[PDB]
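> need coordinates for the below:
(chains A, B, C, D, E, F, G and H, ligands or ions: 20)
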Amino acid sequence: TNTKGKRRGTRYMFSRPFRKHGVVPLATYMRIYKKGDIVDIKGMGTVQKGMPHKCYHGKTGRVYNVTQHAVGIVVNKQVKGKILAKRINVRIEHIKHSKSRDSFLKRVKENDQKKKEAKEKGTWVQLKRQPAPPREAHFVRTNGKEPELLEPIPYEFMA
Amino acid sequence: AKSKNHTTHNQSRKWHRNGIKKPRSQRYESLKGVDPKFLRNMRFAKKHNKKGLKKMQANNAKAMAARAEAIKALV
Amino acid sequence: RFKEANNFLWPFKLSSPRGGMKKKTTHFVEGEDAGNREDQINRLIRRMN
Amino acid sequence: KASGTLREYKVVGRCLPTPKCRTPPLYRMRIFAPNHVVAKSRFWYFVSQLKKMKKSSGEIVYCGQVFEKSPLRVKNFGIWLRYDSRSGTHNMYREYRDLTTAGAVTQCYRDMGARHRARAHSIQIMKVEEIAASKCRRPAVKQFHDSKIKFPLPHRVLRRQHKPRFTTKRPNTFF
RNA sequence: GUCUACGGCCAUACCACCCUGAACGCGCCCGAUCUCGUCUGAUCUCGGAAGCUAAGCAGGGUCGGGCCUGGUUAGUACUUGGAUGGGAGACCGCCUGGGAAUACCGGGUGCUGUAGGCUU
RNA sequence: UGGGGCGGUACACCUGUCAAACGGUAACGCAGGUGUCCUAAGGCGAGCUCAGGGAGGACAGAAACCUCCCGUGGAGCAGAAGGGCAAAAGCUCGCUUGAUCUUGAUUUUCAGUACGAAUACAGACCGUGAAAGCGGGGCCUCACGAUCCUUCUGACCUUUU
RNA sequence: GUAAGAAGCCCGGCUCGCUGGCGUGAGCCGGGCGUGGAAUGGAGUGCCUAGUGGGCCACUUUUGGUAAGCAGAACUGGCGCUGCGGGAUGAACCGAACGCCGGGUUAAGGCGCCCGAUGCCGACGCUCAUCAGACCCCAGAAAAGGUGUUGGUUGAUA
RNA sequence: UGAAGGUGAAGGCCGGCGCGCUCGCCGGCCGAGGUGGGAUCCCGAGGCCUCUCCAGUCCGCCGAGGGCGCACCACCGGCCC
Ligand SMILES: [Mg+2]
Ligand SMILES: [Mg+2]
Ligand SMILES: [Mg+2]
Ligand SMILES: [Mg+2]
Ligand SMILES: [Mg+2]
Ligand SMILES: [Mg+2]
Ligand SMILES: [Mg+2]
Ligand SMILES: [Mg+2]
Ligand SMILES: [Mg+2]
Ligand SMILES: [Mg+2]
Ligand SMILES: [Mg+2]
Ligand SMILES: [Mg+2]
Ligand SMILES: [Mg+2]
Ligand SMILES: [Mg+2]
Ligand SMILES: [Mg+2]
Ligand SMILES: [Mg+2]
Ligand SMILES: [Mg+2]
Ligand SMILES: [Mg+2]
Ligand SMILES: [Mg+2]
Ligand SMILES: [Mg+2]
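Numbers count the residues shown, from 1 in each chain, chains lettered A, B, ... in the order given. Ligands and ions are numbered 1, 2, ... in the order given. Let me share the structure:
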């Protein structure tokens, strides 16, 4: 039977990677975290204050509050069927912005433009992603040479 | 008299039988847990937004004629 | 307008293969029926329908 | 792989291009199998062992049947092999007589199931050659290299037994 | 072409040993009245400007050690799903899909933002 | 409770692993620990470098003390282990007592209840620092206990019919 | 685990003991702009509430033990509550899930007689046992050996 | 509502007397506040069939678009101890 400590099973997670111990490179601090931003979590164990629980390491969330040194985050959690929403206060050096929406943002702006410009033309051009389709009947050249000829090889008890 | 001691055998069937429902999100979430010193000013701003209403009525009225100015200049 | 044409149709209810199958538990490289049997699907339709 | 009566197929293939390389090399193989859906699959099996490709990273350019050139002239075939038993893995060489290359290969897969009891998924076929009347190292085939050959049809059993099932004439097995 | 102050990314920037360094700089350097602290003006603080590239720093060199990145290792090892497949068992092969790391062989050896000097 | 008794505590708690690369996961399964200790070993500021290895110096020797060079932590940080720390979180000095008073929110175990432990804010009074700032106990992970009853503190506080 | 649009984007103006070189931020107001990857189907919400709270097996991963039809776990599926065709018989193995009837076709297994169907002029080989062999779970056997017989590899000699 | 003594549920808009000071005094009007979603209801360009033109009154329905918005839900705000 297992125990109930708050850091049971974190020998490696709350552990700094190879040749990256030391002081903290401090563009981490100078970033700007406004409300409504989407954020991912990763516990740095170099500093112990305000770090979250194991269950939130690797989860993504959303901001609702802002303090002097920390941030409030809304995170979902699956516990026995039902899912719950949770409001964990977390300090800055355990977070990072997420690029999981910038792709969407490049599109809507390009897409707004590409609509408005080239609207006078009259055509409703493609605006929405499509999957990978089949592959385009085409020719193949044998610029002279006959192909190579392969065959299997005999076995050998090389070791 | 010995027995079983722990099992999570059948449970996923039980969970999905009614479903696993994500929570119901809404707009206009709740202000439970935010900083007191910030919340305070929100009240005072809403306690005085009534002032400026006439000046607000003027600007957006003139700008409505100046919003008509598009369809004016278009037509 | 493929999506709408197909979803208009109910899924086809067919009869069992006249003549028999080899072995349904295997792929169509090992003497079975499963997987892709690209052009030979038509030979089968003649016998289900 | 199972088996019916086999056929020879010529399959030739290629990888897929990319901004690095524009026209990769082609590769040819000669394959024996029932039909074309399986032969495409055996092709990716071998070419993956030799080179570094896969089905998603390649395309099949041509797969076609090759027909016998002289199917009414008796011929001597020689076959080089790799199979694996219950203990290790082995090579060998075998000789046969037939009119068609397909039929000789088919004739092998039976023979191996009988002497050595190898299922088809345990066999690899490398090379096949039309051998002269000489160069045949095996005596079972050299018996028939005779210009003036003959023999009788000795003891000949009654087939067609259940046409009349109850008779009076005991049979005859001398003809 | 290059330096000074402040920095971001933190070895393509580190370690050892050799060559060169115009001008502006940066430093070495000369003293201890007052400021300040030392067992000891060695360090730290202050007041200075005779001389110097020896050093530090800057660049550069090594069939250089390491670091960064390719190739080979290898469609190998392993692995999702499958079978009234084999086998006494241990374990092996196949279908459908994904796919590594050493040894060994090549290349590279700091990018830059703000403010201000020299290069007449 | 691999029948019960004798043995042990797997009866409340902590580290690593088993545990199948989110989390969670059993057996009298492995290896170990707890019911404490601290006026500083708490808190601010400044300055410095650890283990060891080499070469030298009157008695001096394997080892006292002095000096130089190499030294990415191979030392220490009360205790079990694990993580983390180099002009520190370590060693030494100066000043002090945020180990104080007061509401509410969240996390952990979990029913999503309580104890305990912890976190980020707000109001006061303060300490140290040139100042930015840091501090409302011990670098983090464990060190503890309801109603009923008794005793003490507090308000020129309500009731004693 | 997130994201894949109207709870979005843009324009202009107001209030603030909050913060302050000037400024930021949040909130309120008034306008302009609709398809936003695939394939599927009707969603949501609230009360009262029973029986249960002894478990068991199989592939795969897996701990103690010499092993176990032994003891303890993770994944999915089954039994329990469930009949039917096949496995001679059978809790769970393979196929397939049930209203009462007619016709046709199949699955898994099979086609000497018991017993439905090869009473094919079936194809190529192997093998003789003074204990022959005979279809997953499955109900019986190893090392070592054999001028028994059929295949093959290597090296020599004519 | 509080252990008790005991207290005890609405605002604004405008104008007069003090300095809109997140503040006290004389006169009228409305009035259970608002944001978002919201079954139904209301107005309605142009009409769907009119053996032909134009005039064209009764009647459906469309349907652009636009409003009054029930219960109920989420949030903001206000009042009593
Ligand atoms: Mg682990
Ligand atoms: Mg039980
Ligand atoms: Mg029939
Ligand atoms: Mg199956
Ligand atoms: Mg001096
Ligand atoms: Mg110099
Ligand atoms: Mg020099
Ligand atoms: Mg090198
Ligand atoms: Mg008992
Ligand atoms: Mg796991
Ligand atoms: Mg310090
Ligand atoms: Mg300390
Ligand atoms: Mg405070
Ligand atoms: Mg009395
Ligand atoms: Mg119940
Ligand atoms: Mg059931
Ligand atoms: Mg039966
Ligand atoms: Mg049986
Ligand atoms: Mg069958
Ligand atoms: Mg039978």
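
> what does chain C put close to chain D?
C:28-31, C:36-40 (C-beta under 8 Å from any C-beta of the partner chain). No exception for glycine: its C-beta is placed from N, CA and C like everyone else's.

> of these, which pair is most distant in space?
C:30 and C:39 (18.7 Å; C-beta to C-beta).

> neighbour-wise, which of these two wins?
A count of neighbours by other C-beta atoms under 10 Å in any protein chain shown puts residue C:30 above the other of residue C:30 and residue C:39, at 16 against 9.

> report how many residues lie close to the residue lying closest to residue C:28 once chain neighbours are set aside.
Nearest residue to residue C:28, sequence neighbours excluded (C-beta to C-beta, 6 or more residues apart in numbering or on different chains): residue C:37, at 4.5 Å. Other residues near residue C:37 number 17, with proximity taken as other C-beta under 10 Å.

> contacts only, for residue C:37.
C:28, C:44, D:37 (C-beta atoms under 8 Å, 6 or more residues apart in numbering or on different chains).

> where does the last one land in three-state SS?
Read that as residue D:37. Here residue D:37 is helix, with the state taken from DSSP: H, G, I helix; E, B strand; the rest coil.

> do you know how far the residue lying closest to it once chain neighbours are set aside is from residue A:144?
Of all residues not flanking residue D:37 in the chain, residue C:38 sits nearest, at 6.1 Å (C-beta to C-beta, 6+ apart). Counting by C-beta to C-beta, to the nearest Å, the gap from residue C:38 to residue A:144 is 33 Å.

> between those two, which one's more packed in?
residue C:38 (11 against 5).

> so that one is in which element?
Secondary structure assignment for residue C:38, by DSSP states H and E: no helix or strand.

> surely it and residue D:35 touch.
No: Residue C:38 is beyond contact range of residue D:35, at 10.4 Å (criterion: C-beta atoms under 8 Å).

> what number of residues are in the vicinity of residue B:71?
Residue B:71 has 8 neighbours, counted by other C-beta under 10 Å.

> list the contacts of it.
Counting by C-beta under 8 Å, 6+ apart, residue B:71 has no contacts.

> in a strand, residue A:133, correct?
No: counting by three-state DSSP, residue A:133 is not found in a strand; it is coil.

> quick one: is stretch B:42-54 near RNA strand H?
Yes: using C-beta under 7 Å from any atom of the strand, stretch B:42-54 comes into contact with RNA strand H via B:42-44, B:46-48, B:50-51.

> where do the helices sit along chain A?
A:102-116 (DSSP state H).

> which residues of it lie near chain D?
Near chain D, when you scan chain A using C-beta under 8 Å from any C-beta, you find A:135, A:140-142, A:146-155, A:157.

> any of these buried? List them.
Among these, the ones that count as buried by 16 or more other C-beta atoms under 10 Å in any protein chain shown are A:147, A:150, A:152.

> ok, now which ones touch the spatially most central residue of chain B?
The residue lying closest to the centre of chain B (C-alpha atoms, centre = their mean) is residue B:28, at 2.5 Å. Residues counted as contacts of residue B:28 (C-beta under 8 Å, 6+ apart): none.

> I'd like to know how far it sits from chain A.
13 Å (C-beta to the nearest C-beta, to the nearest Å).

> how far away is that residue from residue B:22?
Computed as C-beta to C-beta, the residue B:28 to residue B:22 distance reads 19 Å.

> likewise for residue A:104?
Counting by C-beta to C-beta, the gap from residue A:104 to residue B:22 is 20 Å.

> and what of residue B:34?
For residue B:34 relative to residue B:22 (C-beta to C-beta), the value is 24 Å.

> which of these two has more neighbours?
Between residue B:34 and residue B:22, counting by other C-beta under 10 Å, residue B:34 is the more crowded of the two (16 against 11).

> quick check, that one in contact with residue A:67.
No: assessed by C-beta under 8 Å, residue B:34 is found out of contact with residue A:67, at 9.5 Å.

> neighbours of residue A:35, how many?
12.

> and residue A:111, by the same measure?
12.

> the closest residue to residue D:118 other than its chain neighbours: what's it in contact with?
Using C-beta to C-beta, 6+ apart and skipping residues adjacent in sequence, the residue nearest residue D:118 is residue D:112, 4.7 Å away. Listed by C-beta under 8 Å, 6+ apart, the contact set of residue D:112 reads D:83, D:118, D:123.
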